[PDB]
Amino acid sequence: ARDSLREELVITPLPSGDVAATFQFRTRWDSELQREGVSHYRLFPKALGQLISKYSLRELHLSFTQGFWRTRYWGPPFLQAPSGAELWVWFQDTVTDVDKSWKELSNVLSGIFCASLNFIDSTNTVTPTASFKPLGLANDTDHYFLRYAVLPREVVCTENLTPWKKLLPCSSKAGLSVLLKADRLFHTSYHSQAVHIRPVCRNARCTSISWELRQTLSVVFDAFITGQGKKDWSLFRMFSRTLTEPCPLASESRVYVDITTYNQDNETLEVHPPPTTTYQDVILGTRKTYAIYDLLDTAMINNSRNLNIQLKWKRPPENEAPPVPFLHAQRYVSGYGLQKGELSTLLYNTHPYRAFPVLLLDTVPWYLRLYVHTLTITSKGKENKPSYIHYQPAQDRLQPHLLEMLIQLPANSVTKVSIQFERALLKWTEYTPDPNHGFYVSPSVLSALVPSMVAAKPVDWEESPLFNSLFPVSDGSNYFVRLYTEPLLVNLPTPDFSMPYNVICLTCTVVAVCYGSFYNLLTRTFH
Amino acid sequence: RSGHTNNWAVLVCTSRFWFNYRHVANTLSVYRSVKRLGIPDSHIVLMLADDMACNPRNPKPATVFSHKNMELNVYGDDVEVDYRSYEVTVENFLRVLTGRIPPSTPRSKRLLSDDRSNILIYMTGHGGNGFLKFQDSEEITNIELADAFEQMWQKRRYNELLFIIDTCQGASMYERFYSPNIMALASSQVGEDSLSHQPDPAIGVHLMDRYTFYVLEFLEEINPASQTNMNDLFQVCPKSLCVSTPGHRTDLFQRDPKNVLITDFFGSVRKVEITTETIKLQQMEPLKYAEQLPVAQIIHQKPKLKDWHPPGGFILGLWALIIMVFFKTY
Amino acid sequence: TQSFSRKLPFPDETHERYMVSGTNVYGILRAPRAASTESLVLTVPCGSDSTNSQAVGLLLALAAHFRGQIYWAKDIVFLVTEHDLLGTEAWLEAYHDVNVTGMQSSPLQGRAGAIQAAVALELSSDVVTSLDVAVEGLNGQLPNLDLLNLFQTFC
Amino acid sequence: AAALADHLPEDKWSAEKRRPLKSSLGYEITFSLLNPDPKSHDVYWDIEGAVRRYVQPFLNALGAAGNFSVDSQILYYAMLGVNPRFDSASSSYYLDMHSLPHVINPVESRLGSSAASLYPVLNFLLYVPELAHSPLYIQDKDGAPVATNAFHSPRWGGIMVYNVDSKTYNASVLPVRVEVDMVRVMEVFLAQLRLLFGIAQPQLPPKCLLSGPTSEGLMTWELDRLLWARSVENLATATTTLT
Ligand SMILES: *[C@@H]1O[C@H](CO)[C@@H](O[C@@H]2O[C@H](CO)[C@@H](O[C@@H]3O[C@H](CO)[C@@H](O)[C@H](O)[C@@H]3O)[C@H](O)[C@H]2NC(C)=O)[C@H](O)[C@H]1NC(C)=O
Ligand SMILES: *[C@@H]1O[C@H](CO)[C@@H](O)[C@H](O)[C@H]1NC(C)=O
Ligand SMILES: *[C@@H]1O[C@H](CO)[C@@H](O)[C@H](O)[C@H]1NC(C)=O
Ligand SMILES: [Ca+2]
């Protein structure tokens, strides 16, 4: 029909010995979802399909990760998202009230995905000046219509996996969505549940608009937690279920297994079932190759030939692993008391030939009063003046600090951007039910064009696998990456919650003793 | 024979901190039974003040267990939490019952019950005399709960209501009810407060409250087409089994409990009419993706950072009057 | 690893050390389900003598056990300091990135978040007769009593 | 009787009089096509043309009493709540009246979180039985299959079981392109909608005629009866709310 579905599972053995699995469920609809009158839905979920017309959306990206992608020890991810719930949306030009529509959309998404996106308020919401460019077709990125919020302390469980799975056409009943057992997906060191809606063109010549819904699920299986042994990395081991019949709705249903060694140009990884074919491509920076298992192939998977892809992989010797992915960050909190500290985020450029620009976005939730005159960017032991600096200050309880900087990372080097903050004392009815746990500083965003080891080719988003069409590649010799640092646990000074009534009496008693002393002096005549 | 049509359910866990795993397990056991017996997720307003289902401290992620044998995961593969974490407040709870929720609230986060609706309300957590602690911070009292139930009845937002509470001294949370069709269960009586504590060696914290555990065991043996009645659930937990005395309350229900099926609140047996009627109808230029990091463009989008200086108007204005005061005195 | 060096005011007449220079080696158990925001520290204060060789072995054996568990809400830092307390001070200063004692070190390539609790196992014998806890800190400060209650209950 | 349903005294005839829909400003009408096995059935169903040609005239007639927000949907792998019994006498499968109250729960789990308003939603499911029980029938009271293979719930929507036949091919089973007779489907769905809004059959005096069915679907005096009931029910609701 007009709409098509393609599901894909990419298995990447990580350099640290872990194994990452990414599920992609791309639905493309050649329909006019931006306006009303599309009341008839077949593969594109009705719940998400109504949102585009109701609230004038252009792109909707909502992710529900637990964990933190260790870029240093794992590789660069196909798609990373911050811990907690991330939601950024581009609205259409014809909205005229962006914050009201943003509030309504956040509430509706909280209803759909059973998350606390109703907590997205003006204190969490941020308008990046130019960080989260639209991922689909854009006439002009205005950024007046871009909203971005993140809730770092937003748990993801099968509480959010069930609504997420309900939106799939083969709703966890056949095809590639049968490997989505919750107890196996959450037995992991990283879990992502992103949903992306974006204007993608209809054909080879992008002259019309067709809406694409990607439901991605990135998961990383720890070697010591899940494997801890000499058994192969089978689909059964990691998902407790093999692959039965494919999704009949899917136009293409494939499993990609990364079989790529380093310091070696042959001797790929060993996969037990002979794959359909092999797809070699420059994916992020390196020419890596995959074994393909086409589920829409009765030779590969019969009605009684369930597929259990096995992968022989263990943490390679240190003289056989990729060095580091040319860019990683590490955010932390300096100081040790209350009332004062520093938000510092180291960001590394391990390429020993090429400086590259990096866009750092920081959101600080207005109870860590930032002092922007203390913002330093060393980058060599010298001082590195950012190419572009934007800073919106925070109004207490109504707006967060936003800090966007274009730092040119010089060489193989560590850039230490730090900024001092002072912890605020809040009202007693302003702390969470667990006030002594602390508050979360949202993970900082790090958008860069990292240089690639080998130059990529311009490839259409239809022939290419689903993991190679997340970001609209622009240069070719540089690939775009968006890192997220860790969420920061910052403790605030706390008032004594058990004494709100004694304090009133005591302070009013001090006022009263002053009043009595001045009364007994301004009215009492000496005698 | 009951007249209800809807069969909603509100299940609440007012507890955090992963050592209250027993309360999340109570709520999820009632939820599992209710969802197995028929009530859809859209008609269940589930509240879990903390996940404890796959928080990092869980030895078995994405599971909540009822028994040490770990053979019945009440937190199954099909579960939806409408209110969780800091959203589960006494304010939000009373908003859901009384309908006074903020207008942006979606359908799934509200109790859209009508005059033909049977409602099951299950509250679990620390609870003292005629009061239930919400996440160790705030309070709901039996006065407020009775007032909310009366407000529900005024608008005819329920046909019959079954209230179940599994807290300490829980028979006094339903001691101030006046709304016409409510029958209430409780784990313990006005006085007993002894709280059981037998932590599972495998899962560090306690599993259940031993009352809803037997309610779960009672509800596991029935099918959607079961004729078991409220009189068979009024003695599901004897004094020999749960240390506390589970006391019910039928002073409001018009219908005899021996005729009220347990599927009338746990599960949704829909009235079915076979339809026999029939209507007899007549019978150019390309588009570009955005540049993710336009380094040249975003530098020039901002006016050049120049060192600030006060305007000439202020300096001239201030300096002129400083001299002016120097001349009135001199 | 963290390389640290310190200029002591005088040779201390106790350890014959004047130009203290050493390396702290720490490993971070990365809490899988957590986002690496809180941490716990298991530290063995190795000195310039043969003591605490069993405590390093026990620390590594516990790291071998803790690694492989999915129930970690906090990172576990396994820290083997170079000197008895100068290494611990160096690591604690570079971790919080303060300079309270004016000691120089190398930048930390990795942190584990806000440290919640810390344990300082000293053990220089295979078998042990009794376990001797110590709760008294610098400048008379004390740990929260629940930590000692926890120790006593697990004894 | 439905409009008041609270001020008149209750008796044996008190629940069927409260069956019809409550008064509301709007109504969502979702036409959901259930396809348990896309592997065997590739169900296509002109739902846009069906709505335009049959429901929109009917909903425009019925629109004097409120706004309607008709939508369509296809749910794949949407199983029913009960397994039909296999009759070893006619090579068919049956769903007796006893099991009909327990048949729509799993699918009504799927229909949730797919509505964009707080109005009462009316779900109309077009179940398409899988080859496991491809000739599925619904039995009214004793054995006899129902004429329309459908049923409805008082304030919920309705369910129609739609059977495909004459699907014989040469080789093994492929997804057979199934075209849904929208006239046949919408006849029962509009009859069910009419019953859900409480417009029963004209309930004649001893001697009269009707002029037969109207092109829109329902008679104008029936619409006026609906507006009378809506006015009374709305006024009663408003006074109760104000007190
Ligand atoms: C905390 O503050 C102290 C000073 O109060 C810092 O110590 C200083 O460390 C630098 C090294 O970065 C020393 O400079 C070195 O001097 C030698 C000899 O002059 C030279 O050859 C080296 O190239 C280097 O420049 C400096 O002497 C030293 N100051 C003192 C008084 O000892 C310390 O580094 C601070 N902490 C941290 C973590 O940086
Ligand atoms: C599976 O499919 C192909 C061709 O049908 C072939 O490998 C084999 O005959 C089939 N059966 C099994 C058990 O592999
Ligand atoms: C129903 O539609 C009419 C036609 O535009 C509109 O005027 C009216 O406001 C709508 N009803 C509601 C409740 O919005
Ligand atoms: Ca719900």
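Sequence-order numbering is used: residues on each chain count from 1 as written, possibly diverging from the entry numbering, and only residues with coordinates are shown. The naming scheme follows written order: chains are lettered A onward, ligands numbered 1 onward. The assembly from which these chains come is larger than what is shown, and the figures reported cover only the shown chains. Values reported for side chains reflect all heavy atoms of the structure, with hydrogen atoms and water molecules removed beforehand.

Method of determination for the deposited model, per the PDB record: cryo-EM, at 3.1 Å resolution.

Draft legend 1. Local environment of the overall build of chain D. Looking only at helices and strands, one finds 4 helices and 11 strands in chain D. For chain D, the C-alpha radius of gyration of 20 Å lies close to 18 Å, the compact-globule estimate for 243 residues. Dimensions of chain D along its principal axes, counting C-alpha atoms only, are 70 × 40 × 35 Å. Buried residues in chain D amount to 52% of all 243 residues. We call two residues contacting when some pair of their heavy atoms lies within 4.5 Å. Across chain D, the fraction of contacts at a sequence separation of at least 24, relative to all contacts at a separation of at least 6, is 75%. The method behind every accessible area is Shrake-Rupley, applied with a 1.4 Å probe, and residues are considered shielded solely by the protein chains displayed. Per element, the accessible surface of chain D, about 11,700 Å² overall, is 55% carbon and sulfur. Side-chain charges of chain D comprise 19 positive and 24 negative groups, with the mean position of each set lying 4 Å from the other. Labels follow the DSSP assignment, with helices taken as runs of H or I lasting at least four residues and strands as runs of E lasting at least two, numbered in each case from the N terminus. Atoms counted for the radius of gyration: C-alpha only. Globule rule: 2.2 Å times residue count to the power 0.38. The buried label goes to any residue with under 20% of its type's maximum accessible area, the exposed label to any with over 50%, and the partly exposed label to all in between, with areas taken from a 1.4 Å probe on protein chains only. Note on charges: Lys and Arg go in the positive column, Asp and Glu in the negative column, and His and the chain ends are not counted at all. Charge positions are represented by NZ for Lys, CZ for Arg, CG for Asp and CD for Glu.

Draft legend 2. Structural detail: the sheet that holds strand β5 (residues 127-128) of chain B. Residue and element names in this part refer to chain B. Two strands pair under a simple rule: DSSP has to find at least two bridges between them. The strand order β5-β6-β7 describes an open sheet built from 3 strands, whose pairing is antiparallel. The sheet terminates laterally at β5 and β7 (138-141), the two strands that pair on one side only. Contacting β6 (131-134) and β7, helix α2 (residues 90-98) crosses the sheet at an angle of about 35° to β7. The axes used here are C-alpha line fits, helices contributing only the stretch in contact, and every angle between their N-to-C directions lies in the interval 0 to 180 degrees.

Draft legend 3. Region of the structure containing the coordination of the calcium ion (ligand 4). Residue and element names in this part refer to chain B. The protein atoms that coordinate the calcium ion (ligand 4) are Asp41 (O), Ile44 (O), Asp82 (OD) and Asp82 (OD), at distances spanning 2.4 to 2.6 Å. Sequence spacing among the residues donating to the calcium ion (ligand 4) works out to D-x2-I-x37-D. One end of the pair, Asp41, is in the loop between α1 (21-37) and β2 (44-48); the other, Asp82, is in the loop between β2 and β3 (83-84), and 41 residues separate them in sequence. Among the residues examined, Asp41 registers a relative accessible area of 6% and is labelled buried. Ligating atoms shown are N, O and S within 2.8 Å of the metal, or 3.2 Å for Na, K and Ca, and water is not included, meaning a site may look less than complete.

Draft legend 4. Spatial organisation of the site of ligand 2. Residue and element names in this part refer to chain A. In these notes, residues near a molecule or strand are those with any non-hydrogen atom within 4 Å of it. Around ligand 2, a shell composed of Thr298, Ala299, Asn302 and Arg305 is seen. Pairs of N or O atoms are called polar contacts if they sit within 3.5 Å, as long as, within protein, a hydrogen donor faces a hydrogen acceptor (for residues adjacent in sequence, only side-chain-to-side-chain pairs). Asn302 is positioned with one of its side-chain polar atoms (N or O) 2.4 Å from an oxygen atom of ligand 2. For this classification, the nonpolar set comprises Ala, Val, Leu, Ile, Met, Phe, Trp, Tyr, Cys and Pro, the charged set comprises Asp, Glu, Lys and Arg, and every other residue, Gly included, is treated as polar. Taken together, the residues of the shell around ligand 2 sort by class into 1 nonpolar, 2 polar and 1 charged.

Draft legend 5. Structural detail: the sheet that holds strand β4 (residues 118-124) of chain B. Residue and element names in this part refer to chain B. Strand order in the open sheet formed by 6 strands is β3-β2-β1-β4-β8-β9, with parallel pairing between adjacent strands. The open sheet has two edge strands with one neighbour each: β3 and β9 (182-186). Where β4 lies against strand β8 (residues 160-166), 7 bridges are found, and the strand directions are parallel. Of the residues in β8, the one forming a bridge with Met123 is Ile165. Its contacts with the sheet put helix α3 (residues 142-154) on β4, β8 and β9, and the angle it makes with β8 is roughly 160°.

Draft legend 6. The packing of aromatic side chains, seen in detail. Residues and elements named next belong to chain B. By convention, a stacked pair of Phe, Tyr or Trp rings (six-membered ring in the case of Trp) has centres within 6.5 Å and planes under 30 degrees apart, an edge-to-face pair has planes over 60 apart, and any other such pair is tilted. Inspection of the entire model under this criterion finds 49 aromatic pairs over all chains. Between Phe93 and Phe134 the ring centres are 5.9 Å apart and the planes differ by 40°, which places this aromatic pair in the tilted class. Separated by 41 residues along the polypeptide, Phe93 in helix α2 and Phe134 in strand β6 bring together distant segments of the chain. Taking the relative accessible area as the measure of exposure, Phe134 reaches 0% and is therefore buried.

Draft legend 7. The UniProt feature "binding site: Ca(2+)" in chain B, seen in detail. Per the UniProt record, the feature "binding site: Ca(2+)" sits at B:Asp41, B:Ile44, B:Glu80 and B:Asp82. For the annotated residues, spread through 42 residues, the largest C-alpha to C-alpha distance comes to 9.3 Å, consistent with a single compact locus. By the secondary structure assignment, B:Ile44 is in strand β2. Look past the residues within four positions of B:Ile44 in its chain and what remains in contact with it is B:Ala9, B:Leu11, B:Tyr31, B:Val34, B:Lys35, B:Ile39 and B:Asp82. You can call B:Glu80 buried: its relative accessible area is 5%. With residues near it in sequence (within four places) discarded, B:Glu80 still touches A:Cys114, A:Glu159, A:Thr162, A:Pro163, A:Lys166, B:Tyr31, B:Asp41 and B:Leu46. Of the polar contacts made by the side chain of B:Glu80, one reaches the side chain of A:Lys166; its length is 2.8 Å. UniProt positions are given in the numbering used here, feature names are shortened, and annotations may be inferred rather than shown by experiment.

Draft legend 8. Region of the structure containing the packing of α2(B) against α3(B). All names here are of chain B. One can describe the packing of α2 onto α3 by two numbers: an axis separation of 9 Å at closest approach and a directional angle of 25°. Between α2 and α3, the angle is such that the two are roughly parallel. Across the interface between the two elements, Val90, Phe93, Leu94, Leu97 and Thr98 from α2 touch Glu144, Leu145, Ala148, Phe149, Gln151 and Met152 from α3. Class assignment for the residues of the contact of α2 with α3 results in 8 nonpolar, 2 polar and 1 charged. We call two directions roughly parallel when the angle between them is under 35 degrees, roughly antiparallel when it is over 145, roughly perpendicular when it lies between 65 and 115, and oblique otherwise.

Draft legend 9. Main features of the side chain of C:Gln69. Positionally, C:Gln69 belongs in the loop between α1 (53-66) and β4 (75-81). Only 3.1 Å separates the side chain of C:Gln69 from the backbone oxygen of C:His65, close enough to count as a polar contact. Excluding residues within four positions of it along the chain, C:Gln69 makes contact with A:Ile225 and C:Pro32.

Draft legend 10. The site of ligand 3, seen in detail. Surrounding ligand 3, one finds D:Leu25, D:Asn67 and D:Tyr119. Contacts to ligand 3 include D:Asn67, whose side-chain N or O atom sits 2.4 Å from an oxygen atom.

Draft legend 11. Layout of helix α1 (residues 46-54) of chain A. Buried residues dominate α1(A), accounting for 7 of its 9 residues. Residues of α1(A) that are buried include every one of A:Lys46, A:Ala47, A:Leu48, A:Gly49, A:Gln50, A:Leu51 and A:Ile52, and no others.

Draft legend 12. Inspection of the interface of chain B and chain A at higher detail. In this assembly, 44 residues from chain B lie in contact with 65 residues from chain A. Buried area, as used here, totals the accessible surface that two parts lose on assembly, with accessibility defined by a 1.4 Å probe and the loss added over both. Of all residues in chain B, B:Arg84, B:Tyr289 and B:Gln292 give up the largest surface area on contact with chain A, accounting jointly for 20% of the area buried on that side. Between B:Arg84 and A:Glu159 there is a salt bridge, with its nearest N and O atoms 2.8 Å apart. On inspection of chain B and its partner chain A, the count reaches 21 residue pairs in polar contact. At 4 residues, helix α5 (residues 295-300) of chain B tops the list of elements feeding residues into the side of chain B that touches chain A. Residues of the side of chain B that touches chain A, tallied by class, amount to 22 nonpolar, 9 polar and 13 charged. A side-chain nitrogen of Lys or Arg and a carboxyl oxygen of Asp or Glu constitute a salt bridge if their distance falls within 4 Å.

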